[PDB]
Amino acid sequence: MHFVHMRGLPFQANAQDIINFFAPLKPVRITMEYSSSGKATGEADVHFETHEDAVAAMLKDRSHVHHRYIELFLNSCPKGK
C-alpha cells in the first residue's frame, strides 16, 4: 500500500540506519535486498502507516546514509488509481 523504494545504501548499512534516515517518520516494515552471493545491494522497501507519511518521507530524497546519497521512489496511492 504505502512504501518508498530506496537505492544506493552503503553495504554496511543496517535497518536502524534506514529508521534514523526517515526519523521522525516511523516505518511500519523494512525490506532489504541481497544479491545471488548474499551481499546487500543497497536497495530497500520502507513501508509507512499512511499515504501522508510515505509522501513526507520523499523529502529525504538525495539525502545521505554515510557517504552515499539515497534515491527514493514513491509507491503509494498513484494518480492512475
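Computed from the coordinates by the stated procedures, all read-outs in this text should not be read as laboratory data. Here Cβ is always computed from backbone atoms with ideal geometry, including for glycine, and neighbour counts include all displayed protein chains.
Using a cutoff of 8 angstrom between alpha carbon atoms and counting only pairs six or more residues apart, the relative contact order for the chain works out to 45 percent. Counting beta carbons within 10 Å around each of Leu74, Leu9, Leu59 and listing the fewest first gives the order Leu59, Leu74, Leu9.
Legend: ranking of residues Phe11, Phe3 from fewest to most surrounding C-beta atoms inside 10 Å; resulting order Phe11, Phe3.
Put a dot 7 Å past the Cα of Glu49, heading toward its Cβ, do the same for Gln12, and the two dots end up 3.4 nm apart.
Among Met6, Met58, a tally of other beta-carbon atoms within 10 Å of each Cβ gives an order, fewest to most, of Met58, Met6. Could you run the Debye sum over the Cα atoms of the chain, one equal point scatterer each and no solvent, and tell me log10 of I(q)/I(0) at q = 0.23, 0.25 Å⁻¹, two decimals? Taking Cα atoms of the chain as identical point scatterers yields -1.06, -1.22.
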